[PDB]
Amino acid sequence: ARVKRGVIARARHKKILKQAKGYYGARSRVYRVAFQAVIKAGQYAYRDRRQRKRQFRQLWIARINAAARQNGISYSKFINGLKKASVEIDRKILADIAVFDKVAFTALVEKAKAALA
Amino acid sequence: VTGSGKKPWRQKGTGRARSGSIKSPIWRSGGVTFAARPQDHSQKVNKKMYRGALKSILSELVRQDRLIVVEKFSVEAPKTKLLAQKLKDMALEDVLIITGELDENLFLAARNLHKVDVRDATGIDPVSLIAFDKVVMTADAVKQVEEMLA
RNA sequence: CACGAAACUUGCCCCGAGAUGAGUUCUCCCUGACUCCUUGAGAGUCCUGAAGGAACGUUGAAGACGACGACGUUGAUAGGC
RNA sequence: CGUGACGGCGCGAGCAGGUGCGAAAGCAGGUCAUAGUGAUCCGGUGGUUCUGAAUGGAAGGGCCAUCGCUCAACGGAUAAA
RNA sequence: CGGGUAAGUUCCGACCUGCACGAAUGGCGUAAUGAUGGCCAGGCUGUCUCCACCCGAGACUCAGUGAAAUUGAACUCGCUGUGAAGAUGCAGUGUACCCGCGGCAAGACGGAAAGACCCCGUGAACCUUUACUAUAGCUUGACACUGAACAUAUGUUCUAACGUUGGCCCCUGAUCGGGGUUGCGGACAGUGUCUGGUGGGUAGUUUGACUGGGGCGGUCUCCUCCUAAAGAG
RNA sequence: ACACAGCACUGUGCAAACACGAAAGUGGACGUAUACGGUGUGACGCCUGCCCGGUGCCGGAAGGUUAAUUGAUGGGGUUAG
RNA sequence: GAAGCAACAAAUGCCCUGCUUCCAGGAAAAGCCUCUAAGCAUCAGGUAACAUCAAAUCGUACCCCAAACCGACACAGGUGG
RNA sequence: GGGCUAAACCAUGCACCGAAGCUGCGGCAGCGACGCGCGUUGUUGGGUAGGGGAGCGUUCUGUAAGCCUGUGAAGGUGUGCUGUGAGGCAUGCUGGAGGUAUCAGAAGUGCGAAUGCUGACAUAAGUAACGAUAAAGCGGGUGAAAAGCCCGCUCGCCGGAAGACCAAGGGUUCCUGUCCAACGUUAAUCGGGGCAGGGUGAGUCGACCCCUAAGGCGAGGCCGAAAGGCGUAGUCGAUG
RNA sequence: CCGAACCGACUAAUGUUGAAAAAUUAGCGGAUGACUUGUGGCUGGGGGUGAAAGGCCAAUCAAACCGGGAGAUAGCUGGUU
RNA sequence: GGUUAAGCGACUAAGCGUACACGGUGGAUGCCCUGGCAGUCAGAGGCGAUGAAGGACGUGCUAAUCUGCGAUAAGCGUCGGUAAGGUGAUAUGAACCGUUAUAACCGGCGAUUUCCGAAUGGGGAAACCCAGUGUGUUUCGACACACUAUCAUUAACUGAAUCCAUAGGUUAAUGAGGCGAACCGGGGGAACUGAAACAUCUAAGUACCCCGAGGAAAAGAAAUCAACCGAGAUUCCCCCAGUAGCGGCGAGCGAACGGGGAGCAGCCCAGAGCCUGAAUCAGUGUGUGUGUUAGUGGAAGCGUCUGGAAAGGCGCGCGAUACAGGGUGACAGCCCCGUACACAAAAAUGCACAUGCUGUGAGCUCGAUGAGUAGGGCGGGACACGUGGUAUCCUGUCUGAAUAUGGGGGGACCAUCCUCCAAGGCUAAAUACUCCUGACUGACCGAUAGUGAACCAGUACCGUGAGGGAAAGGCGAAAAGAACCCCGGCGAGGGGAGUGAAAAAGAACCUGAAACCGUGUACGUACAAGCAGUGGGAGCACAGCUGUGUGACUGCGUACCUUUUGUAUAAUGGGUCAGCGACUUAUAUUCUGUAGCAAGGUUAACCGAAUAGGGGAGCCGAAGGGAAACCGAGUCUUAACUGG
Ligand SMILES: [K+]
Ligand SMILES: [K+]
Ligand SMILES: [K+]
Ligand SMILES: [K+]
Ligand SMILES: [K+]
Ligand SMILES: [K+]
Ligand SMILES: [K+]
Ligand SMILES: [K+]
Ligand SMILES: [K+]
Ligand SMILES: [K+]
Ligand SMILES: [K+]
Ligand SMILES: [K+]
Ligand SMILES: [K+]
Ligand SMILES: [K+]
Ligand SMILES: [K+]
Ligand SMILES: [K+]
Ligand SMILES: [K+]
Ligand SMILES: [K+]
Ligand SMILES: [K+]
Ligand SMILES: [K+]
Ligand SMILES: [K+]
Ligand SMILES: [K+]
Ligand SMILES: [K+]
Ligand SMILES: [K+]
Ligand SMILES: [K+]
Ligand SMILES: [K+]
Ligand SMILES: [K+]
Ligand SMILES: [K+]
Ligand SMILES: [K+]
Ligand SMILES: [K+]
Ligand SMILES: [K+]
Ligand SMILES: [K+]
Ligand SMILES: [K+]
Ligand SMILES: [K+]
Ligand SMILES: [K+]
Ligand SMILES: [K+]
Ligand SMILES: [K+]
Ligand SMILES: [K+]
Ligand SMILES: [K+]
Ligand SMILES: [K+]
Ligand SMILES: [K+]
Ligand SMILES: [K+]
Ligand SMILES: [K+]
Ligand SMILES: [K+]
Ligand SMILES: [K+]
Ligand SMILES: [K+]
Ligand SMILES: [K+]
Ligand SMILES: [K+]
Ligand SMILES: [Mg+2]
Ligand SMILES: [Mg+2]
Ligand SMILES: [Mg+2]
Ligand SMILES: [Mg+2]
Ligand SMILES: [Mg+2]
Ligand SMILES: [Mg+2]
Ligand SMILES: [Mg+2]
Ligand SMILES: [Mg+2]
Ligand SMILES: [Mg+2]
Ligand SMILES: [Mg+2]
Ligand SMILES: [Mg+2]
Ligand SMILES: [Mg+2]
Ligand SMILES: [Mg+2]
Ligand SMILES: [Mg+2]
Ligand SMILES: [Mg+2]
Ligand SMILES: [Mg+2]
Ligand SMILES: [Mg+2]
Ligand SMILES: [Mg+2]
Ligand SMILES: [Mg+2]
Ligand SMILES: [Mg+2]
Ligand SMILES: [Mg+2]
Ligand SMILES: [Mg+2]
Ligand SMILES: [Mg+2]
Ligand SMILES: [Mg+2]
Ligand SMILES: [Mg+2]
Ligand SMILES: [Mg+2]
Ligand SMILES: [Mg+2]
Ligand SMILES: [Mg+2]
Ligand SMILES: [Mg+2]
Ligand SMILES: [Mg+2]
Ligand SMILES: [Mg+2]
Ligand SMILES: [Mg+2]
Ligand SMILES: [Mg+2]
Ligand SMILES: [Mg+2]
Ligand SMILES: [Mg+2]
Ligand SMILES: [Mg+2]
Ligand SMILES: [Mg+2]
Ligand SMILES: [Mg+2]
Ligand SMILES: [Mg+2]
Ligand SMILES: [Mg+2]
Ligand SMILES: [Mg+2]
Ligand SMILES: [Mg+2]
Ligand SMILES: [Mg+2]
Ligand SMILES: [Mg+2]
Ligand SMILES: [Mg+2]
Ligand SMILES: [Mg+2]
Ligand SMILES: [Mg+2]
Ligand SMILES: [Mg+2]
Ligand SMILES: [Mg+2]
Ligand SMILES: [Mg+2]
Ligand SMILES: [Mg+2]
Ligand SMILES: [Mg+2]
Ligand SMILES: [Mg+2]
Ligand SMILES: [Mg+2]
Ligand SMILES: [Mg+2]
Ligand SMILES: [Mg+2]
Ligand SMILES: [Mg+2]
Ligand SMILES: [Mg+2]
Ligand SMILES: [Mg+2]
Ligand SMILES: [Mg+2]
Ligand SMILES: [Mg+2]
Ligand SMILES: [Mg+2]
Ligand SMILES: [Mg+2]
Ligand SMILES: [Mg+2]
Ligand SMILES: [Mg+2]
Ligand SMILES: [Mg+2]
Ligand SMILES: [Mg+2]
Ligand SMILES: [Mg+2]
Ligand SMILES: [Mg+2]
Ligand SMILES: [Mg+2]
Ligand SMILES: [Mg+2]
Ligand SMILES: [Mg+2]
Ligand SMILES: [Mg+2]
Ligand SMILES: [Mg+2]
Ligand SMILES: [Mg+2]
Ligand SMILES: [Mg+2]
Ligand SMILES: [Mg+2]
Ligand SMILES: [Mg+2]
Ligand SMILES: [Mg+2]
Ligand SMILES: [Mg+2]
Ligand SMILES: [Mg+2]
Ligand SMILES: [Mg+2]
Ligand SMILES: [Mg+2]
Ligand SMILES: [Mg+2]
Ligand SMILES: [Mg+2]
Ligand SMILES: [Mg+2]
Ligand SMILES: [Mg+2]
Ligand SMILES: [Mg+2]
Ligand SMILES: [Mg+2]
Ligand SMILES: [Mg+2]
Ligand SMILES: [Mg+2]
Ligand SMILES: [Mg+2]
Ligand SMILES: [Mg+2]
Ligand SMILES: [Mg+2]
Ligand SMILES: [Mg+2]
Ligand SMILES: [Mg+2]
Ligand SMILES: [Mg+2]
Ligand SMILES: [Mg+2]
Ligand SMILES: [Mg+2]
Ligand SMILES: [Mg+2]
Ligand SMILES: [Mg+2]
Ligand SMILES: [Mg+2]
Ligand SMILES: [Mg+2]
């Protein structure tokens, strides 16, 4: 029972090279190099599903800060004021409102200022 | 492998991986690392397990209605056409026929029918009893099998 | 508030606007027609072809090659004489 | 019961037999205690209700007591570097 | 110390305090000789001060042909730091438009060869010897081939075993061989088996470990104290 | 450095010592001590001192010790009695 | 199809396998010449002249200090007369 | 790092940022309870050496004289869907005759490394080099094409050789015609290249032959476990 | 003795993926001798041969090459889908 | 409106990247088998002086090579078979042969059979050189044929020293030699290695060298075992048993007795008499059977659909003692060749009978009963057994009995008893092997695999030589292998045309992967610093807000393997791709899972036609303790246990 490896080996190598499309040079052409590149891309993607949640919150906070200071209050006092007023809107939504509904955001700032006073 | 025992090149200095034999299984045309030898693949079956399996198989043939018992089964002449007609009358196609004594005319008439086999009771085997659609036994063969399996 | 050295910043010589922060000044040149489209710093055809450049040639106290300089009959660029 | 991976090594009341000292209760299985040591193999000597290659014996073997290594590189590769 | 030089760790001549000369593993001299070692001088010069120019063959350009070592992948800068402890690739920062061609070798711990030094392996080989164990050879005796007398194991004589790489004869056209004969040796010699000695001539091997690298030195088992952190270790 | 002519020691009486060779043989040599082998020294000149305890070689052979061989004597096993 | 001679110089080639001289003292066998033995005897055989026949077979091109041989090469090398 | 006289340090306080920690929402698995494989519940799930558990796929045997397939098999190449993964399924194009469910059975059963082995193809790079610095110039010819071939004139180089001729060694390289793929370090009409035909004439040259050297073999022989060793008579052996 | 052929190999430069796995160029030593060379022969691997360097014995030498014991062994390094 | 100013700003691509499309290169993959690999059942177990194996050179209508053959040269004669076609392959052509039986083809028996090679007339650098003698023949030049080696044995003749003799010499007859894969008997005989070093020991009487034989060899008819009962030559298999023992008592080595099987067979000389030619083998003839070497007959299918082609689909039939297998334009019981079955031999030959002929001796009686031997001393070797307390066997050396009223053995030795008869020999079967021939088979390979070799391979090539040693398979069903035209050098190469189902099947030919190299298009890219991705993300292009391609700008981010305390490491390994490349196999043993049976379980060899059935020889378990005798649910210890 001799087993030739060609058909199965070709499928495995092709599966990796398909995942390497778009990479530069040997990284999209040469199995040895493409395999390492596909593994590293997987490691980065695992890491960056966690990083993505950090980077977006960081972006929302920066935009809330700018919109709050346009209305005369810092980010840190604004958040504390909302919490004292029992408002549970999260930063993703606060940043959305800060860009698309400046009148509603001003109303939220006034609510935060009243709870702080 | 046919070839000489000469070291292909010296141990050190050439810049090649070290070689010792042209017959290394690493090399094209080299030996097979664990080359096969002729083998005996037969297994031991305990006597009582062989007989136990036969009794299990025959009992299942009865429950599945694949065992047909007849008083006699024979043909007048060693003619394939006669046995084909006889089997067509009894609505049989793929059948093992177990007789008490091997009728010479019956054995010859069945040779060229590829779905049909004819044995004496002493020559039954477990795979044949499972492999055929139906099993026809003469009353005489039934007794012989009973006595054989106690 | 004032003096104070071959060190520092200048003064002297050379490079230098790819200084993408791409600078300034002087001078020269080009002043047609039409069609299509998804309609815009859009595409195409016809007519036009400037100032200037390059190429080629004869060449150089310029030169590895490129580059740089001189000259091309309205001419001394090279050889000859 | 202690102490060791193990091979081992250590402490031990009490029981049987026989003994010394003491009037007796008692004490005595070496020495105030902790170093003073060498596995196995191979053989030596004495003992022995064991074994004894046809049988009776015997040889040889076993068992009990004991002897031979600065195998000191001291868990000791060889009789011999 | 003297000589030579402006200046001489070399050279030449001396001294004797010869670490550690010395008489055939020769001592001290020695004409001639040496692609032999050291030192000095004349001549000579691009050896040099200190390089310049020139003539040729490459290098450079064009046409034709057309290699090589190397190579994980590259979008392949400097600095200071960091860090498997000497960074193009990390951190911070500076600088930097894209791409050739001729040159130069400071770095890519550049290429080349599984470091030859050092250590390790209960690795190897060959060499040495008063390492161990053997052994060819050499040497000793006993018995065998191997006998006869006489005298006192020894000695003398004898011939018939045995030796003859003395003469002669034959096979025979033959400096081999064999046979015959004669002389000389002669129970000796030589050979077999056994045996003591000798035996680097030859062979197989051994020649420990710990260790602030290895060697050298010290150590290697047992007892007591301390280190030992108030149970043991 | 090796060789070298020269020098010395030493072995060798011829079937030479010595060497190749299980052996037969062959070289040494169709030579014969003015010859042949081994060893050291290294033209030539002037020379070459003392030590024989160690290791080797040579000679000695009275004694001590000692091999194979020989098998006195003693002891044991067996058992006719 | 003319002339097609002389003189002089001259080998490392020839005379010369000589001659002279020296010590290190310089193959073999046949062809060839000669002598006889056994033998043969006006035979054979020998010598000379003449005639006649035979002399087979294989090699023979080409390179040979080289591009053809030895160096893997149309290779700066090597190759006796 | 920029910069900072606080954006430094001390003290007190309240905010906020901040992790794959905790919480929220959805999903999977291990272990244990509790009930009837299911439910419920609690809890756990970073891992090298290594132990344990459960699987994917490949070739081959049976099931299989079955099933799929020229109305298009295997293989190749795309696309879509699908599972926690190894993977699976469908289908366009290519291909043009094989393939094989299920449940079992057996293994030459899975590759990126071993300075691994074989083949193919890169890089450096159109880079180094084109093999003695004796040297070329021109006219004519032939030709698709001429620096290199042929003819001519000139120039230069060797001439105790770079000339002539043998032995050895090689073996057709010799001559003529024809061809230019490959070979020739370029081109080639030329060649020691391809193809075809031709060419080597002996009594006297050489070999063979007669004769021997060193040496070899060697009837008998002598010697040796065997194989063999030595050698006599002889017989070979040129470099004579 | 001086110096070509011939036999060597002291110095320097070049070359070092060479023209060459030891050469080329300019110089250098011997050059009637212990000289050099052609052809053939003989000595064989613990063996040969060696004016001696462990030199040489077919580009191989402190034990040649080829085949075999043979998949020696590898407490080491690498690799292991 | 224009001018000026300030600010912002697309369109560039020398080249490069990613994606896609289409190609080139290359030869993976799949599919394929006139080649291998392993066996089973049979056959044959040799060939050679009557010249082998293996070669050289020849041989055709032939230039070469292969195959065949040998100057009678791809062949000649004859007897048989068979026949409508044929003159082997490359390989067409030419000239021919044949069709009812001398074409060809197949088989038996013959003929021919150069040269080298044991090589044999001498020599020799294999395939060449040179002879002697005798018969003939001759045209006087010469030609043909046959003999001529060595050694052994035998015989004849001859014949030394030397008188007889012997040695020696000549001749004749008969035999031998050389080659071949394994198996077999004998003469010699390693080391690596293991012992964690190494010397005893091991490896191992292995490898290797040598001599000799046969189809088998060897061994073999008790001076054997046993144990007081008995067995009854040798050989082979399964047990006994990894036991008893051996052993630097280390590493290791390792029986026998006894039991189950295969197979079975006994005889002769050492000597006379009687009786005789009687058994028995060998040879040679002849018969009868039975094989072997050529051969003969051998059943049964059409229509229609798809298609280049049908054997496939669908429909309806038929044969089968034949549905083994192969082929045919895709998959055929019925197209072809076969297959089952039934038949066949002029000639040669194997076997088993029969019957001749030849040799051989059968039986009875009475005798005889293997001496430098057994044994011993010394040195070695062999026995599982290493000198040990060491029996037994062999013998290099030195010795040395009794001989049937005797002798050998029973594991030191003695006694007793038992058993056997050495020093002479022959002998089938069961056993070992396969260069070679035929048939069949495979959970064996399928072109880097399987033989080194699927192919003109032990070749090319390498080496002085011994020796080493490749790569290289596939057009199509059929060559129908591309007439003719065009560019080109009367090229190479290509474009058309034509063939074909297909020509990206066109001979550099099935499929045609990857690395690698191009052309085209979309997007990006010339102020920009690093493992080249990942998270975010504008713009553009494309297809239907989404899907696809691209990716300005931006957060984070130093490859993989190995080895390490620890590697971005400037430590190791890899230029890339494709293919191959490493925990296996056998036996023993223990544990787990699972299945059967259960105080039992199970057979081995072997028998059997048997995957059945037989076979229980054995092995494990149901009892232990003790060194052992022994005792036994106990036993050992000790005088004995409160005990342990
Ligand atoms: K391979
Ligand atoms: K049937
Ligand atoms: K500017
Ligand atoms: K002028
Ligand atoms: K016994
Ligand atoms: K120790
Ligand atoms: K001396
Ligand atoms: K000198
Ligand atoms: K940085
Ligand atoms: K550099
Ligand atoms: K050691
Ligand atoms: K060595
Ligand atoms: K004597
Ligand atoms: K010695
Ligand atoms: K330390
Ligand atoms: K240190
Ligand atoms: K303490
Ligand atoms: K020397
Ligand atoms: K003098
Ligand atoms: K003198
Ligand atoms: K002395
Ligand atoms: K002395
Ligand atoms: K000629
Ligand atoms: K497909
Ligand atoms: K690799
Ligand atoms: K290139
Ligand atoms: K060339
Ligand atoms: K050219
Ligand atoms: K030597
Ligand atoms: K060689
Ligand atoms: K050797
Ligand atoms: K572009
Ligand atoms: K490709
Ligand atoms: K012959
Ligand atoms: K050994
Ligand atoms: K070891
Ligand atoms: K060792
Ligand atoms: K068929
Ligand atoms: K013994
Ligand atoms: K091979
Ligand atoms: K092969
Ligand atoms: K095709
Ligand atoms: K292709
Ligand atoms: K990024
Ligand atoms: K690695
Ligand atoms: K390491
Ligand atoms: K390390
Ligand atoms: K390194
Ligand atoms: Mg297969
Ligand atoms: Mg893979
Ligand atoms: Mg690619
Ligand atoms: Mg790609
Ligand atoms: Mg070897
Ligand atoms: Mg193979
Ligand atoms: Mg059974
Ligand atoms: Mg000044
Ligand atoms: Mg310039
Ligand atoms: Mg006291
Ligand atoms: Mg005390
Ligand atoms: Mg002992
Ligand atoms: Mg007894
Ligand atoms: Mg110790
Ligand atoms: Mg001075
Ligand atoms: Mg002085
Ligand atoms: Mg001295
Ligand atoms: Mg002296
Ligand atoms: Mg002295
Ligand atoms: Mg002295
Ligand atoms: Mg001296
Ligand atoms: Mg000299
Ligand atoms: Mg640094
Ligand atoms: Mg440089
Ligand atoms: Mg380096
Ligand atoms: Mg190393
Ligand atoms: Mg030694
Ligand atoms: Mg140490
Ligand atoms: Mg010390
Ligand atoms: Mg303590
Ligand atoms: Mg404590
Ligand atoms: Mg002599
Ligand atoms: Mg000296
Ligand atoms: Mg002269
Ligand atoms: Mg000629
Ligand atoms: Mg040339
Ligand atoms: Mg040349
Ligand atoms: Mg978080
Ligand atoms: Mg969490
Ligand atoms: Mg966790
Ligand atoms: Mg985990
Ligand atoms: Mg299948
Ligand atoms: Mg398949
Ligand atoms: Mg299946
Ligand atoms: Mg595999
Ligand atoms: Mg791969
Ligand atoms: Mg790996
Ligand atoms: Mg490499
Ligand atoms: Mg070019
Ligand atoms: Mg370059
Ligand atoms: Mg250049
Ligand atoms: Mg150049
Ligand atoms: Mg040239
Ligand atoms: Mg020229
Ligand atoms: Mg030719
Ligand atoms: Mg020519
Ligand atoms: Mg020609
Ligand atoms: Mg060319
Ligand atoms: Mg030619
Ligand atoms: Mg001889
Ligand atoms: Mg002889
Ligand atoms: Mg002669
Ligand atoms: Mg001659
Ligand atoms: Mg020399
Ligand atoms: Mg001179
Ligand atoms: Mg040898
Ligand atoms: Mg030395
Ligand atoms: Mg050499
Ligand atoms: Mg050696
Ligand atoms: Mg071995
Ligand atoms: Mg190995
Ligand atoms: Mg001969
Ligand atoms: Mg002859
Ligand atoms: Mg002759
Ligand atoms: Mg060992
Ligand atoms: Mg026999
Ligand atoms: Mg038929
Ligand atoms: Mg049909
Ligand atoms: Mg087809
Ligand atoms: Mg007898
Ligand atoms: Mg005896
Ligand atoms: Mg004896
Ligand atoms: Mg006895
Ligand atoms: Mg006994
Ligand atoms: Mg192959
Ligand atoms: Mg293939
Ligand atoms: Mg050759
Ligand atoms: Mg096909
Ligand atoms: Mg194709
Ligand atoms: Mg800038
Ligand atoms: Mg830009
Ligand atoms: Mg960059
Ligand atoms: Mg970053
Ligand atoms: Mg480290
Ligand atoms: Mg790190
Ligand atoms: Mg580092
Ligand atoms: Mg780096
Ligand atoms: Mg690295
Ligand atoms: Mg590594
Ligand atoms: Mg390493
Ligand atoms: Mg390392
Ligand atoms: Mg590397
Ligand atoms: Mg018991």
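Hydrogens, waters and symmetry mates play no part in the numbers below; they use all other heavy atoms, side chains included. To find a chain, count down the sequence lines: A is the first, B the second, and so on, and within it residues start at 1.
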Query raised in the report: Centres under 5.5 Å and planes under 30° for the six-membered rings of J:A622 and J:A623?
Result: no

Between protein and nucleic acid, restricted to nucleotides 63-67 of chain I and to nitrogen or oxygen atoms under 3.5 Å apart, what atom pairs and distances do you find?
{"residue": "I:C66", "atom": "OP1", "partner": "B:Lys6", "partner atom": "NZ", "Å": "3.3"}
{"residue": "I:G67", "atom": "OP1", "partner": "B:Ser4", "partner atom": "OG", "Å": "2.9"}

Enumerate all atom pairs, one protein N or O and one N or O from nucleotides 514-523 of chain J, separated by less than 3.5 Å.
none

Report task. Once you apply the 3.5 Å cut-off to both distances, tell me the Watson-Crick or G-U wobble partner of J:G295, or none. Result -> J:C343

Report task. Ignoring backbone atoms, establish whether B:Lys81 has a side-chain N or O less than 4.0 Å from OP1 or OP2 of J:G319. Result -> yes

Query raised in the report: So which nucleotide from H:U115, J:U534, H:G75 ends up closest to the side chain of B:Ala17?
Result: H:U115

**Report entry** Residue pairs, two or more places apart or on separate chains, that pass salt bridge (charged side-chain N to carboxylate O under 4.0 Å, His left out) and touch residues 78-100 of chain B
**Finding:** B:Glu93-B:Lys115

Heteroatom pairs (N/O) under 3.5 angstrom, protein to nucleotides 610-616 of chain J:
{"residue": "J:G613", "atom": "OP1", "partner": "B:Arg51", "partner atom": "NE", "Å": "2.8"}
{"residue": "J:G613", "atom": "OP1", "partner": "B:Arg51", "partner atom": "NH2", "Å": "3.2"}
{"residue": "J:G614", "atom": "OP2", "partner": "B:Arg51", "partner atom": "NH2", "Å": "3.3"}
{"residue": "J:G615", "atom": "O6", "partner": "B:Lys47", "partner atom": "NZ", "Å": "3.0"}
{"residue": "J:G616", "atom": "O6", "partner": "B:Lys47", "partner atom": "NZ", "Å": "2.9"}

Query raised in the report: Quick one: is A:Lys15 getting a side-chain N or O under 4.0 Å of the H:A86 phosphate, OP1 or OP2?
Result: yes

Query - Presence of A:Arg32 side-chain N/O under 4.0 Å of H:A113 phosphate oxygens OP1/OP2 - result: yes

Query raised in the report: Within less than 4.0 Å of OP1 or OP2 of I:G78, is there a side-chain N or O belonging to B:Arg18?
Result: no

Query - Residue pairs passing the ring pair (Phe, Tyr, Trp, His ring centres under 6.0 Å) test where at least one lies in residues 77-102 of chain A, sequence neighbours excluded - result: A:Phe78-A:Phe105

**Report entry** hbond_proxy A:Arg10 side chain to J:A28 base (donor-acceptor, 3.5 Å cutoff)
**Finding:** yes

Query - Minimum-distance nucleotide (side-chain atoms of A:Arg91 versus J:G579, H:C17, H:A20) - result: H:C17

Query - 5' priority, RNA chain I, between A:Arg5 and B:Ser21 [closest heavy atom] - result: B:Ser21

**Report entry** Per B:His114 side chain, nearest of listed nucleotides H:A65, H:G108, J:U534
**Finding:** H:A65

Where do N or O atoms of nucleotides 593-599 of chain J meet protein N or O atoms at under 3.5 Å, pair by pair?
{"residue": "J:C597", "atom": "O2'", "partner": "B:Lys48", "partner atom": "NZ", "Å": "3.3"}

